[PDB]
Amino acid sequence: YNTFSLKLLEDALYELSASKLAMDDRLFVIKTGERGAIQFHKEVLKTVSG
Amino acid sequence: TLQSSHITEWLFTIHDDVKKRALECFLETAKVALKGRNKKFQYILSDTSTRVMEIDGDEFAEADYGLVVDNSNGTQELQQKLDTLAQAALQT
Amino acid sequence: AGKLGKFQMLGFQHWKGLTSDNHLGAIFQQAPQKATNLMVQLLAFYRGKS
Amino acid sequence: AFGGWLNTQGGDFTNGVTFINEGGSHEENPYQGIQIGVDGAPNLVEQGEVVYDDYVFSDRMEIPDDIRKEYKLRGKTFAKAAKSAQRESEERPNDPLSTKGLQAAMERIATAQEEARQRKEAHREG
Amino acid sequence: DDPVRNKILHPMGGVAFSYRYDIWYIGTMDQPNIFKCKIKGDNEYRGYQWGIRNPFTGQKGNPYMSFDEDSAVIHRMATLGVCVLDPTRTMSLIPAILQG
Amino acid sequence: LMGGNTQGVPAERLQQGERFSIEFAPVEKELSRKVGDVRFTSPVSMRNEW
Amino acid sequence: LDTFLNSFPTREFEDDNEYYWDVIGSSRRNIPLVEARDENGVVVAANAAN
Amino acid sequence: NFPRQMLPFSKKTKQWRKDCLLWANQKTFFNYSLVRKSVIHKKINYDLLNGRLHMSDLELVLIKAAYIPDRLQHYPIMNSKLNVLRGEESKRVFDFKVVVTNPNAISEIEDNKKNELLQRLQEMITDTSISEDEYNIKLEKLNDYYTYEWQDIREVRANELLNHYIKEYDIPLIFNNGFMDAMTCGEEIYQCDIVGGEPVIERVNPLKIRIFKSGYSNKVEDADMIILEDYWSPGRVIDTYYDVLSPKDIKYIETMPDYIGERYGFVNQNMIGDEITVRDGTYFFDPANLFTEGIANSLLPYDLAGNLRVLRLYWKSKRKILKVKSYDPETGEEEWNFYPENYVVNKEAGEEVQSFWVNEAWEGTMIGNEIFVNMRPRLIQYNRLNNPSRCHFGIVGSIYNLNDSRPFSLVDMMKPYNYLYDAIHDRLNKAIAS
Amino acid sequence: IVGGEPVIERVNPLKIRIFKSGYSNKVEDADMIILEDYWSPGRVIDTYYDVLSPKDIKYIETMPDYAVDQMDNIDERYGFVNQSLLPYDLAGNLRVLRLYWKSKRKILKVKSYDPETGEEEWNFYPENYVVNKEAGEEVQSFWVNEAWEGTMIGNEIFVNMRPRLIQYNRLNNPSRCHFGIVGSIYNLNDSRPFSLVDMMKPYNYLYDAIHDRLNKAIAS
Amino acid sequence: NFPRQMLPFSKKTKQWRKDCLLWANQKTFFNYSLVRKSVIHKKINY
Amino acid sequence: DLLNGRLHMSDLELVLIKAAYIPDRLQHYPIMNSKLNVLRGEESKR
Amino acid sequence: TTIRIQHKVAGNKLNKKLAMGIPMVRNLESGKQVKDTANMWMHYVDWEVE
Ligand SMILES: [Mg+2]
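Residues numbered from 1 in each chain as written, not as in the entry; some residues may be left out. Chains lettered and ligands numbered in written order. Part of a larger assembly, values for the part shown. Heavy atoms only, no water.

Regarding how it was determined, this PDB entry cites cryo-EM in its header, along with a resolution of 4.39 Å.

The name given to chain I in the PDB entry is Portal protein gp20, and the organism recorded there is Bacteroides phage crAss001.

The PDB entry annotates chain H as Portal protein gp20 of Bacteroides phage crAss001. Reading the Function (literature references left out) entry of the UniProt record for chain H gives the comment "Forms the portal vertex of the capsid. Probably involved in head assembly, genome packaging, tail attachment, and genome ejection (Probable)." (UniProt positions renumbered as here; feature names shortened; annotations may be inferred.)

Now the structure itself:
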């Protein structure tokens, strides 16, 4: 990617785990760097401002 | 097959030696474990044996006090000599 | 790679592989020993108290 | 409990010294001491004293300079000098030379404490 | 976040490898997904190639000389690997400036 | 070039300022010969006056 | 990087030069159609009757 | 560089004891001992008795696949030779008891220590008995001991220690496994130690013990420095070191990745060449210049399976002591005593002193590479009466050699015949096939 | 101990997984030991009648008597056999997995002075012991092995996950414990064992090939 | 992963004890002992 | 060395090697051991 | 993957004490340099080979 989008990431962590994983078995811990979390924070901020 | 046991007795003779010193070493190792606040050694030792530790000589080896771990032929004759004397003392 | 104070005359140094005695002298870790019991007086018959 | 003991190799080995800690001072402890025994009957001790063969080395006194160069003591107190006489014998409780080295050194600090207690007693009554 | 190994910087501040998202564990598998492979129990080499003395092990005298120099050469060799049984249990998300 | 690369490295990735770091030293399995080396360092000092 | 690679378990391999693991799918499957034919052997087009 | 052991005890600090263990880990896997053989030579003799035939030990190799048209079937005809002699030893009688060597030799220092014992028993029966209710029956117990002598009370204790623990540990099986190790490599070694408060005894794997600094001595007790490497479980290190392992050191055990489970790892010293060949896991070398193959020679990896690695180093350092000549107060007898270096001499009473440097047995242990534990002077100093310097460790054993050589084992004199049996039984298995 | 009375069985050497042994030729020296067998439904209630819930008796009863994932996914690798993983057998037998493992218990080593005589005493207390200050009690906290156990029956039954009640305790170690499983390996010098069958198996394979050529010479 | 054993007695709850069994599930496939032969080698012997 | 199973080729013939291979060296067969080992086993039983 | 390393030193460095003009340091695995007080040279080589 170039531009991060969380609407794709929730649509891509779900389609491989839709009816194959349980409801308690969907905690998705993302491992990244210090700057990846701010790219994550500014895009959760754009969901909750929509 | 006695004279074929003569051929391999050179293995047992050094092996009976290592069984002597591995019990001479274990006896000194057990002697230090007495003076280590161990409530087991009051069960396997008597009244008078649990009092030897307080005399100021229990740190040294028992070879310096005149005691050896001896499995020889003399101590097996003596072990029988005290037994046939015991039954012959029982009768009469 | 520069200086942090004014009198940082030393620079960080580095090398690779086989180290000789010369690599141990250029990093200032070899010094001539002083035989302290060895002390000499130059032989003369001094006549200053004469 | 690391006070004058070598708790190693599954056993509890001591060198004779009883390091007495964690009770409190004679004023601060409610039971006026630790009360280690019933012998007098209230044998009272505090956070600093050490015992070797029922002899108490006091932690509230000090070391006179006369009784320091004599007897060659190292600690600033008699308890802190008997805490320095057993530093060799702490790691070696069953060494025969170290038990002889300890008991010979423990009678010196026992002698030097009776010399300093006599000098303090004689000066105050005078 | 390492700036020694990751050398491409990202235009939004900081290194570009730190903008990579990776979900290493997805669900329960009933086995290790990611584990370290190792042959016959860790097996490793500690060779030594020395002349009249060995500075490494501290040894003067050689009954069986390697060469005649005044030296000592150490050799160390090890074989090793990593395994991912199910790579569909892992999802990556990589910046494209790192070039594939 | 390792990794099975056949078409080569692009010439815009071999320019002045390209930084090279040490990954590892892979050897052949049969009849390998010695590779790799070992890297050292040394510090600096500072000063002040009255 | 070292404490990343310490959270992963270990497995002793009996030497050899390569390892295989067998992955499995599902036994249930839907099969596409090539064409249907009626009773007289001719095919069913799209613009046909029932 | 081993650190200087010619120091006062105050300069044997935390980092000095740690520097002795970092030396034994790093440098020594040397295996240069004058009277004992090499670890790959003993391991072949063990592998011949588990039925594994090394093709690099009966020819020059020119395979590694487990099939007969390029390997050689083994026919274990040396096992049944050795299983008679470990079978006879199990059926020999085992009555090892402590005896007085001269029971009719009772002296005055013996008779004083008996009277110290009977006084110290007499103080106990006054305190325990509640006003003559059992003071008469406790006195009847020790009226028997008025006839007992000091060399008998010392022996009754020394037999009661052995008679229990022989019967508990099945010590005749610890020894019977050792005699089997006596006939394959010629090394029989036993370690006696205080573990968990009690004395234990274990036989030491002769591939896992390094005996340094001995003088063509057949006795393992004569050595100065013994390093014992093994792979202990995490449960066995807490059974032994529950008492000395910091909570930080428990988190080293508790942060271990998982499990794995004789290829620990191989060292080769005096390598003539650089060309090493390995992809299955054993290292192949120059044909005649080198070993030509590597059978594990060391325990390099700090954790195999979940099992940790426990390196124990026992070493003789030097201790400064004092010999003091003091006169008896009552009569004019010069008496010699031995005091350590911190004892101050009582002058003005005639005490003449001289300082001697004397062996002291030390020990230290590292578990893995982060835990450093029990770095102290060894608390079982195997002491002798008139000798301050004569000690050893728990490790006791013997080499079965002739005249300070390396031991010509019973397997070693039957291995050339068993290699030829495999050579001729391969012509037979190809004559049957055609 | 089953049924209130002690028993002793033999462990099938194919049905035990001995973890974390230290090149020991013994079985009590293991830090973790897994016993996987298939039990009759009578034996899972002769053993666990007093701890099974009516939910879990239903699982023993209303198993199909010839398992599916949470999102209805059929586990397709249940239908393969080699030349476990199968909670109920096709003979009406339930998977019984028993995990024994040495945990870590924090304990205290407490130094007490005797009241009457001036002699120190040592005891061991668990970590919920509050120390008796103003009486000289010095305390140091150790970590110590504690044998735990647990049992799974099929896939849904989880029974007797608790510290093991037969702690094989020794008098001086608070940490020397093991499980009920005791055994020994008949090996030589920390190796894998060379059995009697293994040392005769190359000769039994040679007998079958030459009794083959004998039988094809008899036939022709 | 086998959960933490360096816990107090209070944090060894029901879900913790259930985690040790679900770790131990499907671990009977492999071999884990340095002094045992494999189950595919002893089943040939029986 | 004969009793330790070492053969020196410079004692049974003039040699005209240092590679220990039976196509140039000789294999020793230690048969003087069990002749001497009877007599040392009879010392231990007198 | 099969890897390999090698260091070569001169023979005179067996007992080569360091007269430390600047303090001799060891590289940590974390990237830091830590000041050391040891004076023999082969203590610092054998740190860096591992
Ligand atoms: Mg009793």
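Moving on from the coordinates now.
> Any chance you could explain the overall build of chain H here in plain terms?
What chain H contains, in helices and strands, is 10 helices and 10 strands. The C-alpha radius of gyration computed for chain H amounts to 28 Å, which surpasses the reference 22 Å derived for 434 residues by more than 25%, pointing to a less compact arrangement than a globule. When burial is assessed residue by residue, chain H has 57% of its 434 residues classed as buried. Summing over all exposed atoms, chain H offers an accessible surface of approximately 19000 Å²; the carbon and sulfur share of this is 49%. Separation of charge centres in chain H, based on 54 positive and 64 negative side chains, amounts to 7 Å. (Helix = DSSP H or I, 4+ residues; strand = E, 2+ residues; numbered from the N terminus. Rg over C-alpha atoms; globule rule 2.2 N^0.38 Å. Buried < 20%, exposed > 50% of the residue type's maximum accessible area, 1.4 Å probe, protein only. Areas by Shrake-Rupley, 256 points an atom, 1.4 Å probe, with all protein chains shown as cover. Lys, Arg positive; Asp, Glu negative; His and termini not counted. Charge placed at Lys NZ, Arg CZ, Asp CG, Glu CD.)

> Help me understand the overall build of chain I, please; the structure alone is not making it clear to me.
Along chain I, the regular secondary structure elements total 3 helices and 6 strands. Of the regular secondary structure in chain I, the N- to C-terminal order runs β-β-α-α-β-β-β-β-α. Relative to the 2.2 N^0.38 estimate, which gives 17 Å for 220 residues, the radius of gyration of chain I is 26 Å and therefore markedly larger than a compact globule would have. Counting only C-alpha atoms and orienting by the principal axes, one finds that chain I spans roughly 100 × 50 × 35 Å. Counting across all 220 residues of chain I, residues that qualify as buried make up 41%. Surface summary for chain I: the accessible area is close to 12100 Å², and the carbon and sulfur share equals 52%. The positive charge centre, built from 26 side chains, and the negative charge centre, built from 33, are 6 Å apart in chain I.

> I tried to follow the sheet that holds strand β3 (residues 198–203) of chain H on my own but got confused; where do I start?
Strand-to-strand pairing in sheets goes through backbone hydrogen bonds, with the strands running parallel or antiparallel. Residue and element names in this part refer to chain H. If you walk across this open sheet you meet the 3 strands as β3-β2-β10, and the pairing is antiparallel. This sheet does not close on itself; its edge strands, each paired only once, are β3 and β10 (395–399). Between one strand axis and the next, the sheet turns through 15° on average, direction left out of account. In this sheet, β10 lies alongside strand β2 (residues 187–195) in antiparallel orientation, the contact comprising 5 bridges. Paired with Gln191 across the two strands is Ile395, which belongs to β10. (Pairing = 2+ DSSP bridges. Axes fitted to C-alpha atoms, helices over the stretch in contact; angles between N-to-C directions.)

> For this particular structure, what's the right way to read the packing of helix α1 (residues 2–34) of chain B against helix α3 (residues 79–91) of chain H?
Helix packing geometry: the angle between the two helix axes and the distance between the axes. Viewed as axis vectors pointing N to C, α1(B) and α3(H) meet at an angle of 50°, and their least axial separation amounts to 11 Å. Classified by the interaxial angle, the pair formed by α1(B) and α3(H) is oblique. Helix-helix and strand crossings are classified by hand; for α1(B) and α3(H) the assignment is right-handed. Residue-level inspection shows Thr8(B), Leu11(B), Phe12(B), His15(B) and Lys19(B) of α1(B) in contact with α3(H), the latter providing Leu85(H), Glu88(H) and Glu89(H). In the contact of α1(B) with α3(H), the residues fall into 3 nonpolar, 2 polar and 3 charged. (Parallel < 35°, antiparallel > 145°, perpendicular 65-115°, else oblique. Left-handed = near helix turned anticlockwise from the far one by under 90°. Contact = heavy atoms within 4.5 Å. Nonpolar A, V, L, I, M, F, W, Y, C, P; charged D, E, K, R; others polar.)

> Help me out: how do you make sense of the pattern of salt bridges in this one?
Two side chains that carry opposite charge are able to pair once their charged atoms sit near each other. Across all of its chains, the model carries 73 salt bridges over all chains by this definition. Residue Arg77(I) is joined to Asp30(E) by a salt bridge in which the shortest nitrogen-to-oxygen separation is 3.6 Å. Here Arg77(I), found in the loop between α2 (54–61) and β3 (94–113), pairs with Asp30(E), found in the loop between β1 (21–23) and β2 (34–39), and the two come from separate chains. According to the relative accessible area criterion, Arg77(I) is partly exposed, its value standing at 33%. In this structure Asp30(E) comes out as partly exposed when scored by relative accessible area, which is 42%. Two residues, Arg376(H) and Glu363(H), come together in a salt bridge whose shortest N-O distance is 2.9 Å. Here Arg376(H) is found in strand β9 (residues 371–377), whereas its partner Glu363(H) is found in strand β8 (residues 352–367), with 13 residues between them in sequence. Of the two residues, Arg376(H) and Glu363(H), both sit in the buried class. Each member of the salt-bridge network shares a partner with another, and the members are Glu9(B), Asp16(B), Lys19(B), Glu89(H), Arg92(H) and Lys45(K). (Salt bridge = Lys/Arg side-chain N within 4 Å of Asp/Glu carboxyl O.)

> Whenever I open this one, the environment of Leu45(B) confuses me. Can you help?
Within the secondary structure layout, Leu45(B) lies in the loop between α2 (41–44) and β1 (67–70). Judged by relative accessible area, which is 7%, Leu45(B) ranks as buried. The spatial distance from the C-alpha of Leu45(B) to the C-alpha of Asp56(B) is 19 Å, given a sequence separation of 11 residues. Look past the residues within four positions of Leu45(B) in its chain and what remains in contact with it is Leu34(B), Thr50(B), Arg157(H), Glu160(H) and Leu161(H).

> Quick question: what am I supposed to make of the state of the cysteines here?
Each disulfide consists of a covalent bond between the sulfur atoms of two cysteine residues. Per the stated rule, a full pass over the model turns up 1 disulfide over all chains. The partner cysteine of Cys25(B) in its disulfide is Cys192(H), sulfur to sulfur 2.0 Å. Residues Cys25(B) and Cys192(H) are joined through a disulfide that is right-handed, its torsion about the S-S bond being 105°. Of this pair, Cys25(B) sits in helix α1 while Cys192(H) sits in strand β2, on two different chains. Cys20(J) supplies the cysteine sulfur nearest to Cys177(I), a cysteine that is in no disulfide, at a spacing of 15 Å. By relative accessible area, which is 3% here, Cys177(I) ends up buried. On the basis of relative accessibility, which here comes to 0%, the residue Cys20(J) falls in the buried class. (Disulfide = S-S within 2.5 Å.)

> For this particular structure, what's the right way to read the arrangement of the chains?
Comparison of the 28 pairs of chains in contact shows the highest number of contacts for chains B and H. Separated in space, chain C and chain E share no contact, their closest pair of C-alpha atoms being 10 Å apart. Chain C shows no contact with chain J. Their nearest C-alpha atoms sit 39 Å apart.

> Looking at this structure, I do not really get the environment of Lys39(B). What am I missing?
Inspection of the secondary structure assignment puts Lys39(B) in the loop between α1 and α2. Those residues in contact with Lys39(B), other than ones at most four positions away along the chain, are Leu171(I) and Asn172(I).

> Quick question: what am I supposed to make of a negative patch on the surface here?
Residues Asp39(D), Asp53(D), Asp54(D), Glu107(D) and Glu119(I) make up a contiguous surface patch of negative charge. Position of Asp54(D) among the secondary structure elements: in the loop between β4 (50–52) and β5 (56–57). The exposed category is assigned to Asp54(D), whose relative accessible area is 69%. (Patch = residues over 30% accessible without salt bridge, like charges linked within 9 Å, V, L, I, M, F, W, Y side chains within 5 Å.)

> Would you mind showing me how to read the packing of α1(B) against helix α6 (residues 150–169) of chain H here?
Running from N to C, α1(B) and α6(H) point in directions that differ by 105°, and their axes come no closer than 10 Å. Viewed along their axes, α1(B) and α6(H) adopt a mutual orientation that is roughly perpendicular. Of the residues in α6(H), those touching α1(B) at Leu23(B), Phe26(B), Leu27(B), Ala30(B), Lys31(B) and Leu34(B) are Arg154(H), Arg157(H), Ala158(H), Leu161(H), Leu162(H), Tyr165(H), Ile166(H) and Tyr169(H). Residue composition of the contact of α1(B) with α6(H), by class: 11 nonpolar, no polar and 3 charged.

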